[PDB]
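Asker: Sharing final33.txt (compact mmCIF, C-alpha atoms and all ligand atoms) below.
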```txt
# COMPACT_ATOMS: atom_id res chain seq x y z
CA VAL A 1 82.80 119.77 105.67
CA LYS A 2 81.60 116.78 107.70
CA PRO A 3 82.78 113.24 106.92
CA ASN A 4 80.34 110.49 105.87
CA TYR A 5 81.85 107.36 107.42
CA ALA A 6 79.66 104.35 106.69
CA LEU A 7 80.04 100.73 107.77
CA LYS A 8 81.55 98.46 105.11
CA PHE A 9 82.90 95.39 106.86
CA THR A 10 82.47 93.65 110.20
CA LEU A 11 85.37 91.39 111.15
CA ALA A 12 84.52 88.53 113.53
CA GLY A 13 86.93 85.96 114.95
CA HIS A 14 88.25 86.94 118.36
CA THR A 15 86.54 84.99 121.18
CA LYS A 16 87.13 87.54 123.91
CA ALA A 17 87.35 91.35 124.13
CA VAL A 18 89.39 93.04 121.43
CA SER A 19 92.02 95.36 122.97
CA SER A 20 93.74 97.17 120.06
CA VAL A 21 93.55 97.58 116.30
CA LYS A 22 96.28 99.19 114.16
CA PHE A 23 96.75 99.74 110.43
CA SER A 24 100.15 98.79 108.96
CA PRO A 25 102.17 101.82 107.84
CA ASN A 26 102.05 100.52 104.24
CA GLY A 27 98.20 100.56 104.46
CA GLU A 28 97.77 96.90 103.48
CA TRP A 29 96.81 95.32 106.80
CA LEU A 30 94.97 95.69 110.08
CA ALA A 31 96.41 93.96 113.14
CA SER A 32 94.20 93.20 116.13
CA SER A 33 95.00 92.01 119.65
CA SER A 34 92.65 90.47 122.19
CA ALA A 35 92.07 89.12 125.69
CA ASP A 36 91.83 85.74 123.88
CA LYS A 37 95.69 85.76 123.82
CA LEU A 38 95.77 86.15 119.99
CA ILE A 39 96.84 88.58 117.32
CA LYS A 40 94.89 88.54 114.05
CA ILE A 41 95.79 90.03 110.67
CA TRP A 42 93.08 91.29 108.29
CA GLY A 43 93.00 93.02 104.91
CA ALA A 44 92.76 96.78 105.50
CA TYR A 45 90.56 97.50 102.50
CA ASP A 46 88.36 94.40 102.35
CA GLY A 47 88.42 93.10 105.95
CA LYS A 48 89.49 89.64 104.65
CA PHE A 49 90.86 87.47 107.45
CA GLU A 50 94.54 86.76 106.76
CA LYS A 51 96.02 84.84 109.71
CA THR A 52 96.27 84.29 113.44
CA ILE A 53 99.53 84.79 115.36
CA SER A 54 99.70 83.02 118.74
CA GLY A 55 102.12 82.49 121.65
CA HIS A 56 101.30 84.78 124.55
CA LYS A 57 100.18 82.92 127.70
CA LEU A 58 97.68 85.55 128.81
CA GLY A 59 95.59 88.29 127.16
CA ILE A 60 97.18 90.99 125.02
CA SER A 61 96.45 94.72 125.68
CA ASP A 62 98.26 96.27 122.69
CA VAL A 63 99.89 95.58 119.37
CA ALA A 64 102.02 97.86 117.16
CA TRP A 65 103.72 97.80 113.76
CA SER A 66 107.29 98.48 112.67
CA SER A 67 107.76 101.27 110.15
CA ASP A 68 108.44 98.84 107.28
CA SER A 69 105.23 96.90 108.06
CA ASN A 70 107.20 93.63 108.58
CA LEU A 71 107.11 93.30 112.38
CA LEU A 72 104.63 93.56 115.19
CA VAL A 73 105.20 94.05 118.88
CA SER A 74 102.57 92.93 121.40
CA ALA A 75 102.13 93.78 125.12
CA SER A 76 100.64 91.07 127.35
CA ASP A 77 99.33 90.31 130.83
CA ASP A 78 101.96 87.52 130.90
CA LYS A 79 104.49 90.33 131.73
CA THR A 80 106.24 90.09 128.36
CA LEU A 81 106.31 91.74 125.00
CA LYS A 82 106.81 89.65 121.88
CA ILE A 83 108.31 90.76 118.55
CA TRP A 84 106.70 88.96 115.60
CA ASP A 85 107.71 88.51 111.97
CA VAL A 86 104.28 88.98 110.45
CA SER A 87 104.81 87.07 107.19
CA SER A 88 106.24 83.92 108.79
CA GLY A 89 104.33 84.19 112.08
CA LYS A 90 107.58 83.64 114.01
CA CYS A 91 108.17 85.03 117.47
CA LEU A 92 111.57 86.67 116.97
CA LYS A 93 112.06 87.85 120.59
CA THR A 94 110.34 87.75 123.94
CA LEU A 95 111.10 90.92 125.93
CA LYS A 96 111.32 90.07 129.64
CA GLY A 97 111.84 92.56 132.46
CA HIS A 98 108.51 94.02 133.52
CA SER A 99 107.27 92.70 136.87
CA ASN A 100 103.57 93.13 136.05
CA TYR A 101 101.14 93.29 133.11
CA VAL A 102 102.58 95.01 130.07
CA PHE A 103 99.87 97.37 128.86
CA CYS A 104 101.14 99.47 125.92
CA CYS A 105 103.86 99.47 123.28
CA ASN A 106 105.27 101.12 120.16
CA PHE A 107 108.20 101.07 117.81
CA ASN A 108 110.13 104.27 117.14
CA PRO A 109 110.09 105.51 113.49
CA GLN A 110 113.52 103.98 112.77
CA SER A 111 112.10 100.79 114.41
CA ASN A 112 115.36 99.84 116.11
CA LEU A 113 113.69 100.59 119.49
CA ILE A 114 110.49 99.54 121.24
CA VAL A 115 108.95 101.49 124.14
CA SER A 116 106.66 99.76 126.63
CA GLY A 117 104.51 100.70 129.61
CA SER A 118 103.36 98.47 132.39
CA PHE A 119 101.25 98.05 135.48
CA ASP A 120 104.67 97.94 137.26
CA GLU A 121 104.54 101.77 136.81
CA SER A 122 107.68 101.84 134.61
CA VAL A 123 108.44 102.66 131.05
CA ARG A 124 111.07 100.44 129.41
CA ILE A 125 113.06 101.07 126.22
CA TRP A 126 114.21 97.94 124.28
CA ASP A 127 116.62 97.08 121.51
CA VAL A 128 114.70 95.37 118.70
CA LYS A 129 117.72 93.41 117.37
CA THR A 130 118.90 91.84 120.64
CA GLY A 131 115.69 92.03 122.71
CA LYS A 132 117.61 93.61 125.60
CA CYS A 133 116.16 96.27 127.87
CA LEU A 134 118.27 99.40 127.39
CA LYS A 135 116.58 101.67 129.93
CA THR A 136 114.03 101.37 132.72
CA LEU A 137 112.41 104.75 133.48
CA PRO A 138 110.76 105.25 136.94
CA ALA A 139 108.04 106.92 135.00
CA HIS A 140 104.90 106.99 137.07
CA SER A 141 103.32 106.10 140.43
CA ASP A 142 100.48 104.06 138.93
CA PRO A 143 99.96 101.90 135.86
CA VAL A 144 101.20 103.27 132.55
CA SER A 145 98.32 103.55 130.09
CA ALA A 146 100.19 104.65 126.90
CA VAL A 147 103.64 105.23 125.39
CA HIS A 148 104.43 106.82 122.01
CA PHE A 149 107.44 108.12 120.12
CA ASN A 150 107.46 111.43 118.32
CA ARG A 151 108.14 111.81 114.58
CA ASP A 152 111.99 111.64 114.80
CA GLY A 153 112.08 109.22 117.75
CA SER A 154 113.95 111.67 120.00
CA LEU A 155 111.04 111.93 122.48
CA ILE A 156 108.71 109.53 124.27
CA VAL A 157 105.36 110.53 125.80
CA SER A 158 103.80 108.43 128.58
CA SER A 159 100.48 108.63 130.40
CA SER A 160 99.31 107.08 133.62
CA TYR A 161 96.43 106.55 136.06
CA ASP A 162 98.54 108.80 138.36
CA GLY A 163 97.10 111.78 136.38
CA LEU A 164 100.35 112.76 134.61
CA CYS A 165 101.65 112.90 131.06
CA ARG A 166 105.42 112.91 130.90
CA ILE A 167 107.83 113.65 128.06
CA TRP A 168 111.08 111.67 128.02
CA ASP A 169 114.35 112.09 126.11
CA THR A 170 114.89 108.76 124.35
CA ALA A 171 118.71 108.98 124.37
CA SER A 172 119.22 109.89 128.08
CA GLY A 173 116.05 108.57 129.70
CA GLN A 174 115.61 112.00 131.36
CA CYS A 175 112.15 113.34 132.18
CA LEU A 176 111.86 116.60 130.24
CA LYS A 177 108.25 117.68 131.01
CA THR A 178 105.47 116.77 133.38
CA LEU A 179 101.99 117.95 132.26
CA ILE A 180 99.60 118.76 135.10
CA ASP A 181 95.83 118.81 134.59
CA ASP A 182 93.40 120.22 137.17
CA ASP A 183 92.18 117.59 139.68
CA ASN A 184 94.64 115.02 138.17
CA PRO A 185 92.06 112.63 136.68
CA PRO A 186 93.60 109.32 135.47
CA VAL A 187 95.13 109.71 131.99
CA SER A 188 93.95 106.71 129.98
CA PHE A 189 95.66 107.43 126.69
CA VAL A 190 98.17 109.75 125.04
CA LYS A 191 99.94 110.13 121.71
CA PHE A 192 101.79 112.71 119.60
CA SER A 193 100.17 114.50 116.67
CA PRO A 194 101.43 113.30 113.28
CA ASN A 195 103.69 116.39 113.03
CA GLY A 196 104.91 115.98 116.66
CA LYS A 197 104.02 119.51 117.85
CA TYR A 198 101.15 118.42 120.13
CA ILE A 199 99.91 115.57 122.23
CA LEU A 200 96.34 114.32 122.42
CA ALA A 201 95.49 113.03 125.92
CA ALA A 202 92.40 111.19 127.14
CA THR A 203 91.34 111.40 130.73
CA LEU A 204 88.76 109.39 132.67
CA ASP A 205 86.49 112.40 133.10
CA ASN A 206 84.97 111.99 129.62
CA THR A 207 87.48 114.44 128.10
CA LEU A 208 90.11 114.54 125.34
CA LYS A 209 92.59 117.43 125.32
CA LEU A 210 95.10 118.68 122.74
CA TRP A 211 98.23 120.04 124.45
CA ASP A 212 101.17 122.18 123.51
CA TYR A 213 103.46 120.07 125.75
CA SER A 214 106.52 122.40 125.63
CA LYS A 215 104.52 125.50 126.64
CA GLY A 216 102.27 123.19 128.73
CA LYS A 217 99.09 124.83 127.41
CA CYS A 218 95.80 123.06 126.64
CA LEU A 219 94.78 124.18 123.15
CA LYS A 220 91.58 122.20 122.58
CA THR A 221 89.11 120.18 124.62
CA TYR A 222 86.82 117.51 123.08
CA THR A 223 83.74 116.16 124.91
CA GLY A 224 80.31 114.51 124.38
CA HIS A 225 81.56 110.93 124.61
CA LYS A 226 81.63 108.60 127.61
CA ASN A 227 85.00 107.60 129.08
CA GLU A 228 85.21 107.06 132.86
CA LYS A 229 86.48 103.46 133.14
CA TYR A 230 88.40 102.07 130.15
CA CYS A 231 91.64 103.02 128.43
CA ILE A 232 90.27 104.01 125.01
CA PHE A 233 92.47 104.89 122.04
CA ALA A 234 92.10 108.23 120.32
CA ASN A 235 93.41 109.40 116.94
CA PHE A 236 94.19 112.22 114.58
CA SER A 237 92.54 111.66 111.20
CA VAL A 238 94.53 113.49 108.48
CA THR A 239 93.76 111.85 105.12
CA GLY A 240 90.65 114.00 104.51
CA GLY A 241 89.28 116.62 106.86
CA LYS A 242 91.25 117.16 110.07
CA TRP A 243 89.37 115.14 112.71
CA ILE A 244 89.84 113.68 116.17
CA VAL A 245 88.50 110.11 116.44
CA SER A 246 87.77 108.15 119.63
CA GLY A 247 85.93 105.16 120.98
CA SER A 248 83.44 105.59 123.78
CA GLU A 249 81.71 103.69 126.53
CA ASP A 250 78.29 104.30 124.91
CA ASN A 251 79.28 101.88 122.05
CA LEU A 252 79.81 104.66 119.50
CA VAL A 253 82.73 105.96 117.55
CA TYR A 254 82.99 109.75 117.98
CA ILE A 255 84.47 112.11 115.40
CA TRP A 256 85.19 115.81 116.16
CA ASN A 257 86.33 118.69 113.96
CA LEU A 258 89.86 119.25 115.31
CA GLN A 259 89.69 123.08 115.11
CA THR A 260 86.10 123.78 116.19
CA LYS A 261 85.72 120.89 118.70
CA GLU A 262 82.20 120.07 117.41
CA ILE A 263 81.08 116.46 117.06
CA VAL A 264 80.76 115.88 113.30
CA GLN A 265 79.80 112.19 113.26
CA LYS A 266 78.85 109.40 115.65
CA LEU A 267 79.17 105.85 114.21
CA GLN A 268 76.58 103.32 115.47
CA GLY A 269 76.87 99.56 115.20
CA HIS A 270 78.95 98.12 118.02
CA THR A 271 77.15 96.47 120.95
CA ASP A 272 79.74 97.04 123.67
CA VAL A 273 82.38 99.61 124.60
CA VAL A 274 84.44 100.82 121.62
CA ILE A 275 87.89 100.36 123.13
CA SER A 276 90.02 101.06 120.08
CA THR A 277 89.96 103.03 116.89
CA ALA A 278 92.59 103.54 114.21
CA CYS A 279 92.84 105.68 111.10
CA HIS A 280 94.22 104.37 107.80
CA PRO A 281 97.46 106.10 106.76
CA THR A 282 96.39 107.20 103.22
CA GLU A 283 92.65 106.51 102.78
CA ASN A 284 89.61 107.77 104.73
CA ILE A 285 89.08 104.51 106.56
CA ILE A 286 88.49 103.99 110.32
CA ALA A 287 88.86 100.68 112.06
CA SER A 288 87.07 100.19 115.41
CA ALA A 289 86.90 97.37 117.92
CA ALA A 290 84.79 96.47 120.91
CA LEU A 291 84.78 94.67 124.25
CA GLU A 292 83.60 91.17 125.41
CA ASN A 293 79.88 91.42 124.64
CA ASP A 294 80.57 92.41 121.01
CA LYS A 295 84.10 91.11 120.09
CA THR A 296 83.90 92.45 116.50
CA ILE A 297 86.04 94.86 114.51
CA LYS A 298 84.43 97.30 112.04
CA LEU A 299 85.83 99.07 108.95
CA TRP A 300 84.13 102.38 108.11
CA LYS A 301 84.80 104.43 104.94
CA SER A 302 84.16 108.09 104.05
CA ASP A 303 84.56 110.32 100.98
CA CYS A 304 86.45 112.95 103.01
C1 LIG A 401 97.16 99.71 125.13
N1 LIG A 401 96.05 100.62 125.24
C2 LIG A 401 94.83 100.36 125.37
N2 LIG A 401 94.02 101.41 125.46
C3 LIG A 401 94.49 102.79 125.40
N3 LIG A 401 94.40 99.09 125.41
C4 LIG A 401 93.03 98.63 125.53
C5 LIG A 401 92.52 98.36 126.95
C6 LIG A 401 92.93 96.99 127.51
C7 LIG A 401 92.34 96.72 128.91
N4 LIG A 401 92.92 95.46 129.47
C8 LIG A 401 90.84 96.62 128.89
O1 LIG A 401 90.23 95.58 128.60
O2 LIG A 401 90.15 97.60 129.16
```
Please render this file's structure as structure tokens.
Ligand SMILES: C/N=C(/NC)NCCC[C@H](N)C(=O)O
Answerer:
Amino acid sequence: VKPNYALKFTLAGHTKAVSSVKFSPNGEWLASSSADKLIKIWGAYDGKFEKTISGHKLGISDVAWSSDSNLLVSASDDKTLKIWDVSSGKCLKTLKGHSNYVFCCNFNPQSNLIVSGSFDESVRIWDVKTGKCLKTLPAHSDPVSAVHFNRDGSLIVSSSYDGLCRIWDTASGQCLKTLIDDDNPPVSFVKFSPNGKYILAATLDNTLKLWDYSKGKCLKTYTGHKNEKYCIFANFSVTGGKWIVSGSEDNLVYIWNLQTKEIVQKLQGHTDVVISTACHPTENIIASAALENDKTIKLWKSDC
């Protein structure tokens, strides 16, 4: 089995670099954030432009959906996160506390908490209802590139340019694990596997690694792409074959067989760095997005 992802839609509208794309958990929508200070909403299946959500004062590095698909959270260079009601476009809360660019964010599965990571080297945990910061974790000694909750929300994983991935207990704020990788190259992205047993980490030595984070063992290594400068999203694709999906600094989307580590497809079409990819929750659809010289988002579909 290889997949046969083919380009179906190209989504144009952002006027600066796209930073993040994410499918809604209900599969209906794609949300995009950009250096143009905007969030856009698009139809997940047809790429149809839906609406623009605005209000940040500087560029946005990340956006993320609540579990019920009703809210977004965005992370901005203006040092804030904003919580958005997607249907009305309202800014429900502005989360203030970080002392530098907010880079990454996510809801927990219950979606009563938001985790954020910042250039201020901290990870912050927030109450969605009140907008109050509940915990500030002294997480890293360099900017925080990613933060993600596990499947039951009891753990947080963070990555940083300091070369570390750390595992945090959500309830206590305690650091439970530090993962150490030879020569400590900057970690540019991390997330949990859908089942929560592993983490997938990207490092700025053109490498993705799948870790058993409890045992602290590297189980798989994926290479062949280019990633030495930018924080590029990576994904588990689970709707068809079991793949790993990433952007790349050679303007391609890469797809690997998870088990064998072989490159099974490379998707051509973008004209600048592919900074973000996302995988649709029930259908074999990949969304990708590119930097300043391209500015477009692409929807690719496969039969497996
Ligand atoms: C939140 N996570 C990201 N990547 C993992 N964001 C995209 C990179 C944004 C960065 N300012 C840039 O333009 O490179």
Asker: Calculated over all atoms listed in the file, which of the candidates A:301, A:191, A:90, A:261 has the smallest distance to ligand LIG 401 (chain A)?
Answerer: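 Smallest separation from ligand LIG 401 (chain A) among the options: A:191.
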Asker: Can you work out which residues are within 10 Å of ligand LIG 401 (chain A), considering all atoms listed in the file, and then hand them over as a PyMOL selection string?
Answerer: chain A and resi 16-21+33-35+59-64+74-77+101-106+116-118+144-147+159+187-191+202+229-234+247+273-277+289-292
Asker: When you look at residue A:239 with a cut-off of 7 Å (counting all atoms listed in the file), what residues show up, excluding the ones that are within fewer than 2 positions of it in the same chain? I need them as a PyMOL selection string.
Answerer: chain A and resi 237+241+282-284
Asker: Please measure the separation of atom CA of residue A:163 and atom CA of residue A:143, giving the value in Å to one decimal.
Answerer: 10.3 Å
Asker: Enter the distance from atom CA of residue A:37 to atom CA of residue A:15, in Å, rounded to one decimal.
Answerer: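 One can read the atom CA of residue A:37 to atom CA of residue A:15 distance as 9.6 Å.
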